[PDB]
2 protein chains.
Amino acid sequence: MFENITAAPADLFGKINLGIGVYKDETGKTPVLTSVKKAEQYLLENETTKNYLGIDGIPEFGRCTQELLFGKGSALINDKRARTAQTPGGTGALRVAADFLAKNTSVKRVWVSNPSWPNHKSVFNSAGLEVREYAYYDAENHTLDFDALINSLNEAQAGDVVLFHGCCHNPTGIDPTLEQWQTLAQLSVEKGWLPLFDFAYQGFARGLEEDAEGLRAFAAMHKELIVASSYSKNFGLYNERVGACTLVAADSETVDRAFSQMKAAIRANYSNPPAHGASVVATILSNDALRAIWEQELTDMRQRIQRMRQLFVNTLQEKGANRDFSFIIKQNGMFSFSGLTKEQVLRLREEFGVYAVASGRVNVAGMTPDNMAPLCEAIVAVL
Amino acid sequence: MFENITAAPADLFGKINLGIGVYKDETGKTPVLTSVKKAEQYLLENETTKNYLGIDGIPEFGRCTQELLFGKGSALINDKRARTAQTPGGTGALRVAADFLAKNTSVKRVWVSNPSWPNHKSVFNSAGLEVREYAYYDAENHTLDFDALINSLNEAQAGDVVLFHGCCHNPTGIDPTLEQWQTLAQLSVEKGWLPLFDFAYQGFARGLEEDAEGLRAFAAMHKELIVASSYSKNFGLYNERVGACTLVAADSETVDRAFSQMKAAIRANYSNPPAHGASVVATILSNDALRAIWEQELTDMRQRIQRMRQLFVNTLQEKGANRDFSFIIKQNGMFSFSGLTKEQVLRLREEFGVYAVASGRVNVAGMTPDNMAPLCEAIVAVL
Ligand SMILES: Cc1ncc(COP(=O)(O)O)c(CNc2csc(C(=O)O)c2)c1O
Ligand SMILES: Cc1ncc(COP(=O)(O)O)c(CNc2csc(C(=O)O)c2)c1O
């Protein structure tokens with residue numbers, strides 16, 4: 001049966017990993033958040049069973065997720081228009097959304113930005129959905145090529161899905177402005193697209209509420225949308241696989257009926273979701289004290305990334321770069337394109353032991369005050 | 001998009017739940033195992049990061065799983081013929097296997113026993129695989145209808161998958177004898193079936209090693225097989241979603257190449273698996289002290305089920321049943337068919353508040369010395 005299977009298409013790693021996918025603190029570590037440890041100790045002391053969760057996971061987790069996404073008091077919540085399934089990570093949320101759409105709707109294709117996270121194509125294609133790309137990056141001005149984006153998306157037909165990164169676009173760190181999000185929301189309604197928000201970095205651009213402004217501009221204009229969110233980075237819960245798939249429809253009757261088929265898609269995949277990480281999230285978000293500790297830890301990560309963006313720009317200048325890298329200051333989240341070519345990136349790894357991805361994307365959160373000077377010296381050497 | 005979606009096809013519950021899917025102790029509780037609490041305290045004290053696991057999960061978890069399945073010193077392990085991916089539960093292992101097979105092999109159909117766990121059909125159909133049924137149950141003799149099974153499976157073609165419950169068949173509790181497993185292994189080789197073992201109850205029939213005898217008889221005769229295993233019941237870790245998909249091929253080169261595509265199927269589903277529950281398993285299985293506490297806790301669950309099987313048979317007689325229920329003593333695991341009809345089961349729920357599934361399957365682990373007498377009185381009343 002297996003003898004003819006084709007193989008599927010860090011190890012190589014004063015050397016430095018900017019190819020990492022995770023947050024690192026100033027010491028180069030990815031520690032467990034203190035809020036998370038406190039919540040884990042509470043669960044150890046208080047859990048009396050590991051009995052299965054419902055298919056959609058812990059109810060409080062769903063409520064707290066919807067409030068993060070839509071705002072406390074949003075009409076979507078008051079009108080019972082949204083249902084949330086706790087999932088194994090943001091990836092699991094994307095796949096649940098893809099399976100739900102493939103089996104229950106006429107969707108055949110999903111539009112993704114060029115560039116995006118490379119696993120988007122794999123997830124949607126696994127569910128039998130075609131992926132098409134829309135233009136996104138203006139490399140000359142280090143910017144969102146908004147005209148190109150709108151022009152590309154003219155090819156999208158009514159009933160296609162269009163995937164939007166809610167904030168901290170991966171890999172570019174370039175997000176629509178609020179007015180651009182409002183333009184896209186109106187366009188989406190007029191053209192009949194189903195928006196799919198992928199929200200893996202809420203809190204890493206400007207703040208929890210500000211980072212959800214784009215999603216909320218969409219939610220104010222659409223009867224229907226899906227959000228696949230992740231708590232991997234903003235709780236540092238990567239390996240516990242904590243995410244959510246939130247379905248929104250015109251009314252409660254419709255969302256509940258549609259959500260029954262989303263639950264069927266989950267039940268045929270992994271049955272019901274892993275409790276530990278989501279229970280840590282729900283414990284923290286529903287407790288004033290733990291929530292305040294967690295919000296500060298997330299602010300500290302957001303701010304450290306900001307400081308590294310500024311220090312990187314200042315240092316490249318001091319090590320003799322010459323080039324404008326000011327665009328880095330304005331970009332959001334852990335990632336940016338450095339503007340290095342694939343060969344410069346290869347040189348960086350081979351000659352200098354500095355790792356980035358071939359696109360030139362760098363994880364700013366891999367930079368620290370201690371490694372900044374060698375890092376920038378290496379980059380200057382390959383310009 | 002969603003307005004036309006059709007709805008997908010405990011709540012109703014001296015009343016008694018035999019419709020439950022979980023183990024209950026003598027007090028009617030499903031507590032966290034002591035070995036599990038001890039391991040969770042160790043992880044709270046010792047974990048320093050939640051950084052993502054590899055796609056296939058924790059290496060020690062995989063090694064300990066293969067030793068449970070195949071035996072320490074098995075040739076499959078020595079020859080590096082098996083690869084294990086840690087998955088979100090036994091369901092996740094089944095779905096990973098189904099996606100792997102659908103995308104990478106000529107498999108189009110999977111043979112499942114009639115009866116089986118109802119989610120088997122949903123998982124395989126979700127991956128685009130047809131499900132066909134083979135005969136299994138001799139209800140007159142309360143037994144495995146082995147001739148019917150072999151006759152049904154004659155319709156299976158070379159390259160079809162045949163799913164076997166490794167022990168504690170769900171719902172019947174009727175397992176092949178060792179010699180029957182040996183007959184099926186030889187038949188499977190001759191007919192070109194790919195065996196898929198679903199092993200959710202290892203340790204609940206006779207013991208860890210004895211319960212794997214059937215799988216090991218297959219493994220001794222086949223170049224290729226897949227095992228989807230679960231630690232939900234034997235560690236009481238239901239909601240932490242702890243299972244494994246183990247791929248076996250003729251040699252290391254082939255299994256590694258095939259496993260790369262299994263990892264691709266995982267990466268497009270949930271990316272990488274949830275650490276907490278699997279880390280508890282690996283912590284326990286790799287530690288002599290915790291392993292001994294856990295093995296005794298599992299023996300205690302196995303034995304309590306045995307005691308309830310005997311007490312149920314004895315009590316039905318004492319409450320005036322008359323019928324032979326001796327078959328219950330011989331069956332394995334938490335489940336058996338009571339031999340009640342769908343209408344007797346409905347009567348039991350409506351008139352007596354005793355819940356079972358419509359097939360008449362009962363969870364023996366829902367029985368306790370305290371509820372046995374009313375339970376049996378109710379059953380006698382509906383005969
Ligand atoms: C846009 C987008 N969507 C979904 C995800 C998946 O989140 P999790 O599955 O890890 O929770 C992620 C993040 N997952 C991720 C891990 S490493 C990484 C990277 O791009 O380096 C990305 C993401 O960036
Ligand atoms: C034969 C078989 N295969 C797979 C599974 C899935 O295990 P988990 O996904 O829960 O780990 C199970 C058990 N899962 C399960 C939960 S309730 C239940 C039942 O039949 O009542 C069954 C099983 O019996």
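Within every chain, numbering begins at 1; the chains are lettered A, B, ... in the order of the sequence lines, protein sequences first and strands thereafter.
For chain B, the nearby part of A:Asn4 is the backbone; its heavy atoms alone come within less than 4.5 Å. Looking at A:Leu43, only its backbone comes within 4.5 Å of chain B, counting heavy atoms on both sides. Heavy atoms closer than 4.5 Å to chain B are found in both the backbone and the side chain of A:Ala258. Contacts between B:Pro273 and chain A at a heavy-atom distance below 4.5 Å involve the backbone alone (N, CA, C, O). Proximity to chain B (any heavy atom under 4.5 Å) is restricted, for A:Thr48, to the backbone atoms N, CA, C and O. Heavy atoms closer than 4.5 Å to chain B are found nowhere in A:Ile266, neither backbone nor side chain. For B:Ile58, no part lies under 4.5 angstrom from a heavy atom of chain A. Only the side chain of A:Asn119 comes within contact range of chain B, with heavy atoms under 4.5 Å apart. At a 4.5 Å heavy-atom cutoff, the contact between B:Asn272 and chain A is made by backbone and side-chain atoms alike. Looking at A:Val248, only its backbone comes within 4.5 Å of chain B, counting heavy atoms on both sides.
Side chain of B:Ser260 to main chain of A:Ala7: no donor-acceptor pair is present (N/O by atom type, distance under 3.5 Å, no hydrogens or angles). The backbone N or O of A:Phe2 lies less than 3.5 Å from a partner atom in the side chain of B:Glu224, making a donor-acceptor pair.
Of all the heavy atoms in A:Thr91 and B:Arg267, the pair that sits closest is CG2-O, 3.8 Å. For A:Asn239 against B:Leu53, the heavy-atom pair with the smallest separation is CB-N, 3.8 Å. Contact between B:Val32 and A:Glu47 at its shortest, heavy atoms only, is CG2-O, 4.1 Å. Heavy atoms only, all atoms of each residue included: B:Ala268 and A:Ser126 are closest at O-OG, 3.6 Å. Of all the heavy atoms in B:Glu240 and A:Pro274, the pair that sits closest is O-CB, 3.8 Å.
In this structure, A:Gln41 CD and B:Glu45 CD are separated by 9.5 Å, a value rounded to the nearest 0.5 Å. Separating the CZ atom in A:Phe100 from the CD1 atom in B:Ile5 is a distance of 3.5 Å, to the nearest 0.5 Å. Atoms OG1 and OH, from A:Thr87 and B:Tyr270 in turn, are 13.5 Å apart once rounded to the nearest 0.5 Å. If you take NZ on B:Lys223 and CD on A:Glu3, they are separated by 10.0 Å, rounding to the nearest 0.5 Å. In this structure, A:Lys24 NZ and B:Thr49 OG1 are separated by 9.5 Å, a value rounded to the nearest 0.5 Å. Considering OG1 of A:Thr105 and CE of B:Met1, their distance stands at 5.0 Å, rounded to 0.5 Å.
When the candidates B:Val96, B:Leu194, B:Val255 are compared by the number of heavy-atom contacts under 4.5 Å with chain A, B:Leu194 comes out ahead. Most heavy-atom pairs under 4.5 Å with chain B, from the set A:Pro31, A:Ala10, A:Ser279, A:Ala264: that is A:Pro31. Interface summary for chain A: among B:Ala278, B:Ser271, B:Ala127, the most heavy-atom pairs under 4.5 angstrom belong to B:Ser271. Comparing B:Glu40, B:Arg95, B:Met262 by heavy-atom pairs within less than 4.5 Å of chain A, the highest count is held by B:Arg95. Most heavy-atom pairs under 4.5 Å with chain A: of the set B:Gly277, B:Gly92, B:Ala8, this distinction falls to B:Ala8.
Counted within 6.0 Å of NZ on A:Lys37, heavy atoms from surrounding residues, nucleotides or ligands total more than 12; the atom is thus considered enclosed. Around atom NZ of B:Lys191, no more than 12 heavy atoms belonging to other residues, nucleotides or ligands sit under 6.0 Å away.
Between A:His276 and B:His276, the ring planes lie parallel to each other; the angle is under 30°, not in the 30° to 60° tilted range.
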